[PDB]
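Chain naming follows the written order as A, B, C, D, E, F and G, and within any one chain the residues start at number 1.
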Amino acid sequence: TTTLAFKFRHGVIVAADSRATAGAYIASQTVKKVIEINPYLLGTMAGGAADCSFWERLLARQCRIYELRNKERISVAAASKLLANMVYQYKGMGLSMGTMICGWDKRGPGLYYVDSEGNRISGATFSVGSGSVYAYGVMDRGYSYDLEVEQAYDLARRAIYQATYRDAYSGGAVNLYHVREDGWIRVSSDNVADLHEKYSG
Amino acid sequence: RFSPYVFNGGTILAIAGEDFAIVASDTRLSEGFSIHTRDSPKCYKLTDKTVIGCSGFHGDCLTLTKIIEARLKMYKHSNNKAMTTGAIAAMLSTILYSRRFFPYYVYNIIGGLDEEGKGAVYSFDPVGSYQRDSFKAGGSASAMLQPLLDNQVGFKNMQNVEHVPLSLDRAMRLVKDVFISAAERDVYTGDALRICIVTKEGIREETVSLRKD
Amino acid sequence: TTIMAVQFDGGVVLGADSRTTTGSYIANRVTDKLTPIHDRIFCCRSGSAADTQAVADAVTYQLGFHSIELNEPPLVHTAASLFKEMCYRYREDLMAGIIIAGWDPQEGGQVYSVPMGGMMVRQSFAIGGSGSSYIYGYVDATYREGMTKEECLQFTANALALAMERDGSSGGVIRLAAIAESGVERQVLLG
Amino acid sequence: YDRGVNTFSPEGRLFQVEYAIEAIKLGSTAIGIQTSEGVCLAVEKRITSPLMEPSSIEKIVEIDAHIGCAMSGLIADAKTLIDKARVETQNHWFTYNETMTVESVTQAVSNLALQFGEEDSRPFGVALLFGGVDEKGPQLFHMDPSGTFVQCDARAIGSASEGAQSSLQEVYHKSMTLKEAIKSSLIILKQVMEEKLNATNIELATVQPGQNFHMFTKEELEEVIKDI
Amino acid sequence: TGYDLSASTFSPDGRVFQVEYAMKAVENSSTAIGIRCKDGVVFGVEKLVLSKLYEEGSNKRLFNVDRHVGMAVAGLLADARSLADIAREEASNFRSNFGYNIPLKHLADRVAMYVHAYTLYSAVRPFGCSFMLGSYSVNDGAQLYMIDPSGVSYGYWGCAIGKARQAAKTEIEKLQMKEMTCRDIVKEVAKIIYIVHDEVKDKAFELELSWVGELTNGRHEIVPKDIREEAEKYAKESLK
Amino acid sequence: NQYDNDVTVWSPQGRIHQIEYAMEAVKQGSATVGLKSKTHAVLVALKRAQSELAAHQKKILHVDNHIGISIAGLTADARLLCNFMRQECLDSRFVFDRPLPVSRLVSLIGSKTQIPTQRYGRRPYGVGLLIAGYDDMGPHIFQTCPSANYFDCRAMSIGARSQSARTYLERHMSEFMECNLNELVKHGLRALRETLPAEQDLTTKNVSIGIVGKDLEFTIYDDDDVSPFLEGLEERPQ
Amino acid sequence: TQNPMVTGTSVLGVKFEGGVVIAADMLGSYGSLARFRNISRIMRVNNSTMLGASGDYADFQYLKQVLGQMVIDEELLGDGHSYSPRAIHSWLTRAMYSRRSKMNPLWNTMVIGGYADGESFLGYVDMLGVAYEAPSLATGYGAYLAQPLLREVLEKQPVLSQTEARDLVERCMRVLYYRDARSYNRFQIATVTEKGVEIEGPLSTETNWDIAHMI
């Protein structure tokens, strides 16, 4: 499990792997770990399959009612706060949730990080997962706020590949989304074995 | 002291075809080092286009089956129509999460036809996360069936082989071959093989015997 | 603790030791282990002392209230049902060894056994308590169908004294009781 | 015996809900027409003041992204019914991954309007028109304070309700088109209202199968009125 | 009279008319009689056919409370159905708490106190039913009880409930019921029904006879007088 | 007139008028006729239009695979008893794994409607339920009433001007036990055509026919499949 | 129930041509002490179905109390209906599953035999709510001992007469006396037919001890 997210001048980049295991047994290789909440919001899956699947679907149930009652989209800081209060009521009962919230706002970009323990922080760069610590170093060596769009696509695609190389619980495919001002857009989805012929060559 | 869980064995197989779906399971019910019966299939015809399989703890399998069959009637008289394949997988995920802190010990696979007439297989976990796949194998012999179907159906790790879609007749003999090889090395598998075929013309059934040891 | 109950043609015969102990120290040296509920129905108790005294007060409250409404003497099987409805319900909370015996006008002498579990069964003779395990081989080689009253008083006196031979939860003094249609004869045996 | 929801008449009846039907009559008119191309919908505003802000008066609300609404009668009870009608379509998508059909929306709505004295309050004072395009095509339904639910092909309620129905039954047929039914609807409106029909007295709302958006017309309404 | 609205109010002379009004609602129902011999209790109900579409055994007034207890209700039929379910539920708790069959002397006390509770509050009304209770045992013999809408409950040898309450008990008391057997009683019950207005100003009727005693070994069931039809053969000979 | 206000208040004649008034709400609804053979029980209802182009209000509604009911009276009390009806049918499927006997389900309704006919705070249910079903001993035709009495019968018609339908059923009830569905259905809908004013005819758009059979699940036919039933009929003798 | 005080032992059951036969012994052991030598462990339900049980006996008197009430509650209606043997098997499973969900289970293992509509019925009920059907059943140590003798004959011959079935049970009840430490040499045999439920008296076995003279 390895996800990352970083914002820059032209929006937010979201990338993740697709491998979900069960002990030492790989269950699948085509797990979509970036949950499409809205046409203007995105959420990740990191730690616990049904825990990140249920509560973000319940958050998407809540943000639609907020749009109908007020004739306006929800802000990014609002949705991350509503998710933090729902999980905090089950503190200590044994949940696992480490997702991220992305989306464009009236204040510009938006990037928050929500734990099951109760940590709600903002920031510019994040990397969540078991192989997350392999992704901080290769990202920060190439990170800049004024990167190009095609340059930012190659940075996140490189960083997932180096994480799936060293980690054993990470592999499959590399998904890649791009959050624009109007809404998010799916970039691509590449296999790791196809990148190995490209990068090592 | 009292313990509320026990393992019963079982093996469930599903393959999503182009315009069909095949659900297969064994009929051996066991516990510990004893055989309760040799006739207990895991197939359950929910609708005319959807068959569910339930493995794991057998007491939860009898309970969870009757809860779903009640809510099929509760959907219909409230909506004047039957559920789809994807609607059942969305409903089942809420039922499995509803007992999050006392979970069902049941592995679930739903196979059937969508509204376009194509195959669809949904796999599950005992807490309620799901995804749509082309083929899954759940149960005690799950590790002995997934690498072989990656070779034959998914064509993984193969070179210079075209990707022909799996026909109905070729898919029947692939199901009949994997359960013979699985019953040799696994002890929780044998005594029969119930196969359900879901097409646009109804649901067919077929029973193939296995070794009885 | 050792309790004893034998029915005969007329009625029943009860008997018990005293020796209420704690650890290895005798707290109470002489003890009424048998308790009146109605004029014809007794029970002899075993297990925890504070548990069995609380149950015997509630059954006497319920059965004593119940017979005044019917204007009839109660049944012995009715009284044994009331101990079952409390011991089975409040199990994992009580340790009771109740044996119910007494004469009834409809059926004569009856003996019921309610162990620590909560089941109920009618028997010809019944033993119970901690010291009852030592006389189980004596009580069935000596019992004979068709005894008189004076044989049963002789029977339970020798039967208790073997459990009351030395065994640390038993001994003390013998309290006997005979219930028939005429009355209730209670006596204390020593020497 | 005519002041209680817990009391019958010698003939029928209520005598309480019958008075609730009368509360619709002092509302504003509203016309909805079902057509095979989609469902159009019209209403009259009755703006009182120029300082009164016009878009704060709602008559068409968006229940869901393929279902519109219309109302008359008491405004205070209407906002209660719109609230759960948005929630019940939202709870259904949460547990089924699908859009609730237009008929089964009003099943959830009518289950609470028949709870006024049937718990263990008063009935409501508002009639509703529900238009939408579900998997059975375009639909148009109608309810009442008495919970009596029915499907209509073309319905007009509120004030001028009966006078609209006689003219509306004249021009309706099965083979209408959507652009024909829109201009046919507001010929009826300018014959039943007292002010001169302009771009500020009325508002429109349509729904189409492939155009599930746009349950409103924003000053394309000026083009329809100028070609009457 | 105005001072007769609630059941919790007294008249200026000291009686409750809401109990008095519900008593003569039982008066408009058809006649149901009860009688006991020395070794059993025999019921009997005059029951009239509504028009023609009745299907020969519907909505009966001979209930079955316990293994040995049944009812012979008359009055508002729907109110008697809810009252019969109380007696079914009351006899079940006596089994589960004491382990033997309910005595009829104790059963009629539990029911009559329940009827009494609906004659005290202004929220509820008194019942509009009166009924019979018959049972048989080997330690108690046969008993026969009687419960009014007010709640007064005590024992009879014979009774009648309906229009002809007085007109039936005139000819009940000229029977030597202390020594007859309850097979000879069955042919004698049927003539008591057919004397007093079976179909004279009414349209039609059908006789029902319930049956409990020593020959049934304590069971309560309907008569086998569909077998040999002897009740109507012996009672219709009393035309002159 | 002062006694004519509440359910609790008795009369000096001994008749509670509020129960007597809920019978009058049954006569407001349209007529419906149910009957049965040895093997097949068919109930036929009559739709009523609201306007000239609205859909007709449905009467017969499915309950279980062996139980279907008709309706006459308040639509508020209609769906309130239906939700109580469907809950009890699936509890026996969930617990006992058998279908309910029809005769003991209706006894639950008489216990259900008895409380709001005695305690203050809730009116009686104005409703006219006809019930057809299959237990292990064949078909049944049941009716209820707001006085909480339920009547077993072999033929019944309730609703507006349903007395003329009862006269047709009494002089043809000897023929009902033997004939099969091709005429047993059109024995029933010859009884509806006397509950009509003598100038209009029973068309295809205003009638519903529901059939449950010994080997047949309860099926509702309306507006398209009534045409194989309305064929082969005579007119009224006018 | 967390601690079973007074327990039973193995209960057998097998179908034949037009009926189901069920046998069990009459022992009320407490741990290793056989405290109660004379109890009945087979309950006769009304006319077609029939119940024998293992596990805790105080819990069995509770289910004897509840099932005895429900049969009376339907017979007093007199509507011509009764509980099928499959409906008792459905109700009893939901009773056991709802009881273990509160973490306070009933320590039992129950075998339901019934014959209705010309069809035999033989159902199993576990403490944990595990239920199935089988042509032959055995509980406790009998599932290790008498169960291979049951399945051996039923595969070489699928149907059995009444005399072939009753003789086969006495062979298996003879075996359990030799090697079960909680057995008892006095048992009773219950059998359903089209004529109804019939329970035989306290029968005994016939043992062999000729290998004792060997070394």
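Here is the rule we go by: a residue touches a chain if its C-beta (ideal position, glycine included) is under 8 Å from a C-beta of that chain, and two chains touch if they have at least 3 such contacts.
Just so we're on the same page, UniProt names per chain: A = Proteasome subunit beta type-5; B = Proteasome subunit beta type-1; C = Proteasome subunit beta type-6; D = Proteasome subunit alpha type-5; E = Proteasome subunit alpha type-3; F = Proteasome subunit alpha type-1; G = Proteasome subunit beta type-4.
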>> Going by the touch criterion stated earlier, list every chain that contacts chain B and also contacts chain F.
In response: D, G
>> If I rank A-B and C-E by number of C-beta contact pairs, which comes first?
In response: A-B
> Distance from the CA centroid of chain B to that of chain D, rounded to the nearest Å?
Replying inline: 47
>> I'd like the Å distance between the centres of chain B and chain E, where a centre is the mean of that chain's Cα atoms.
In response: 61
> chain A to chain D: how many Å between their CA centres?
Replying inline: 43
> How many Å are there between the centre of chain C and the centre of chain G, using C-alpha atoms for each centre?
Replying inline: 33
> Which residues belonging to chain D are in contact with no fewer than two other chains?
Replying inline: 94
> Every pair of chains that touch: which are they?
Replying inline: A-B, A-D, B-D, B-F, B-G, C-E, C-G, D-F, E-F, E-G, F-G
> In their shared complex, at which residues does chain C touch chain G?
Replying inline: 84, 88, 91-92, 115-121, 133, 136
> Okay, in this complex, where on chain A does chain D touch?
Replying inline: 57-58, 61, 64-65, 68-69
> Across the complex, what residues on chain E touch chain C?
Replying inline: 97-100, 103, 105-106, 109, 139
> Which of the residues in chain D end up touching chain F in this complex?
Replying inline: 1, 5-13, 110-111, 114, 117-118, 120, 142, 146-148, 150-155, 165, 169, 172
> For chain B, which residues count as touching chain D in their complex?
Replying inline: 78-80, 83-84, 86-87, 89-91, 94
